[PDB]
Number of protein chains: 2
Amino acid sequence: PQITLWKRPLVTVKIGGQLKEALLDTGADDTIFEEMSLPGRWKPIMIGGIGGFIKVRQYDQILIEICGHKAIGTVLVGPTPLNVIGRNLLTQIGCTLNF
Amino acid sequence: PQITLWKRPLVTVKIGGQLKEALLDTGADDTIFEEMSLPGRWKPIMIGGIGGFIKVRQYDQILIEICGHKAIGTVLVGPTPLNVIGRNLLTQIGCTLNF
Ligand SMILES: CCC[C@@]1(CCc2ccccc2)CC(O)=C([C@H](CC)c2cccc(NS(=O)(=O)c3ccc(C(F)(F)F)cn3)c2)C(=O)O1
């Protein structure tokens with residue numbers, strides 16, 4: 001679709017068999033979800049943004065679907081204030097910024 | 001322009017007659033810049049990032065040229081990993097998300 005930015009660009013995403021609301025964030029290098037269960041192996045890492053750093057669990061090769069678009073990539077899990085879809089996954093659904 | 005997301009959406013901006021780099025960030029409600037001088041009076045604001053909360057200084061009606069487009073709006077100044085253009089100015093330059 002074409003999404004205006006008058007409000008936060010929140011979308012429904014299918015991940016780990018659940019439906020969840022997530023923010024489309026062009027400034028995020030990576031994708032971070034609040035605490036949730038995901039399959040497979042993970043490692044602890046540290047990511048930073050406004051307000052500093054948080055420790056998160058890195059899961060690789062995770063399937064996502066955003067508005068009918070399927071993708072696969074790394075998904076992080078930890079104490080983010082909300083679920084955020086970052087560029088590693090926005091590219092895969094063919095998301096661009098236009099003006 | 002159409003900006004893809006394989007790299008960080010960093011653009012050159014002109015603020016206070018100076019050239020600076022800033023991130024185009026649809027995940028940010030607001031625009032925040034690293035410590036700098038801006039004209040006029042300021043008000044106190046607290047904002048959340050993925051790392052937690054920071055206190056910032058809020059300046060109104062600040063002229064900023066973003067990738068050659070003029071915007072005049074609210075600019076926050078505080079401790080940030082980098083300069084961030086949020087939705088308040090992304091909307092002024094006519095930016096949408098497309099996929
Ligand atoms: C001005 C605050 C902006 C924002 C708001 C989050 C929010 C939204 C609604 C409610 C509450 C909070 C969105 C955002 O993109 C980031 C940063 C990038 C600037 C962010 C987001 C997601 C992940 C990261 N970590 S990272 O390792 O993937 C990373 C590290 C650095 C950068 C860099 F480009 F900013 F340097 C981008 N990404 C950072 C953030 O920390 O908070």
Side-chain angles (χ1 to χ4, degrees), chain A residues 2-11 21-32 47-52 54 80-87 89-90 95-99, chain B residues 1-5 7-16 18-40 42-99:
Chain A
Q2 173 158 295
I3 303 176
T4 61
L5 294 166
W6 295 113
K7 292 198 150 205
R8 296 184 178 159
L10 302 163
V11 292
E21 172 180 278
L23 175 67
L24 309 175
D25 190 342
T26 54
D29 286 349
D30 280 300
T31 294
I32 335 160
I47 64 186
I50 279 73
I54 56 161
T80 174
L82 82 169
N83 309 319
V84 168
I85 311 296
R87 306 183 292 99
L89 282 179
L90 298 174
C95 196
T96 61
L97 280 163
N98 302 75
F99 64 104
Chain B
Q2 172 168 283
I3 297 176
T4 55
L5 299 165
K7 288 177 190 160
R8 295 180 168 169
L10 295 167
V11 292
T12 298
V13 96
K14 184 161 73 160
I15 188 166
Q18 288 184 331
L19 258 28
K20 291 174 185 204
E21 188 169 64
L23 186 74
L24 302 183
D25 191 329
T26 57
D29 299 339
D30 306 307
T31 287
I32 181 164
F33 273 73
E34 295 171 315
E35 183 57 55
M36 63 173 306
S37 307
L38 288 174
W42 63 272
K43 294 166 46 233
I45 288 294
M46 266 252 297
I47 65 161
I50 63 88
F53 300 89
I54 58 158
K55 176 64 84 195
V56 304
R57 311 198 303 282
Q58 181 198 235
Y59 298 85
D60 294 313
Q61 293 163 172
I62 300 301
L63 330 188
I64 177 172
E65 198 179 355
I66 309 178
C67 218
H69 292 71
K70 313 266 204 203
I72 301 172
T74 293
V75 175
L76 311 177
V77 181
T80 172
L82 79 192
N83 309 316
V84 172
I85 305 305
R87 290 181 304 101
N88 71 302
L89 303 182
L90 292 177
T91 59
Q92 302 204 3
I93 68 165
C95 193
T96 56
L97 286 170
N98 297 82
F99 65 94

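Only heavy atoms go into these numbers, but all of them, side chains included; no hydrogens, no water, no symmetry mates. Chain letters run A, B, ... following the sequence lines, proteins first, then strands; residues in each count from 1.
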Shortest non-hydrogen contact between A:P9 and B:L97, atoms and distance
CB-CD1, 4.0 Å
For B:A71 and B:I93, which heavy atoms make the closest approach, and how far apart are they?
CB-CG2, 4.3 Å
The complete set of ring pair (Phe, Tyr, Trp, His ring centres under 6.0 Å) pairs with one or both residues in residues 66-99 of chain B, sequence neighbours excluded, reads A:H69-B:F99, A:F99-B:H69
On a heavy-atom basis, which atom in A:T31 and which in A:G86 lie closest, and how many Å separate them?
OG1-N, 2.9 Å
Roughly how far, to the nearest 0.5 Å, is CG of B:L24 from SG of B:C67?
7.0 Å
Residues forming a side-chain contact (heavy atoms from CB on, under 4.5 Å) with B:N98, sequence neighbours excluded:
A:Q2, A:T96, A:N98, B:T96
Which residues pass the side-chain contact (heavy atoms from CB on, under 4.5 Å) test with B:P81, not counting sequence neighbours?
A:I50
Got a sec, which residues hit side-chain contact (heavy atoms from CB on, under 4.5 Å) with A:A28, two or more places apart in sequence or on another chain?
A:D25, A:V84
What is the distance from atom CD1 of B:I62 to atom CG of B:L38, rounded to the nearest 0.5 Å?
4.5 Å
Donor-acceptor contacts, no H, no angles, side chain residues 73-80 of chain B, under 3.5 Å, sequence neighbours left out:
{"residue": "B:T74", "atom": "OG1", "partner": "B:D60", "partner atom": "OD1", "Å": "2.8"}
{"residue": "B:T80", "atom": "OG1", "partner": "B:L82", "partner atom": "O", "Å": "2.7"}

Atom pair CD1/OG1 of B:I85 and A:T26 - distance to nearest 0.5 Å:
11.0 Å
Under the side-chain contact (heavy atoms from CB on, under 4.5 Å) test, which residues partner B:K70, sequence neighbours left out?
B:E65
Spacing of CD1 belonging to B:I3 relative to CZ belonging to B:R8, to within rounding of 0.5 Å
15.5 Å
Got more than 12 heavy atoms from elsewhere within 6.0 Å of NZ, B:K20?
yes
What residues form a side chain to side chain donor-acceptor pair (under 3.5 Å) with B:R57, not counting sequence neighbours?
B:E35, B:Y59
Would you please name every residue forming a side chain to side chain donor-acceptor pair (under 3.5 Å) with B:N83, sequence neighbours left out?
none
B:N88 side, atom CG; B:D30 side, atom CG - distance, nearest 0.5 Å
5.5 Å
Side chains of B:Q92 and B:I66: does their closest heavy-atom pair fall under 4.5 Å?
no
Which atom names give the shortest non-hydrogen contact between B:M46 and B:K55, and what distance separates them?
CG-NZ, 3.5 Å
Spacing of A:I32 atom CD1 and A:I47 atom CD1 [to the nearest 0.5 Å]
3.5 Å
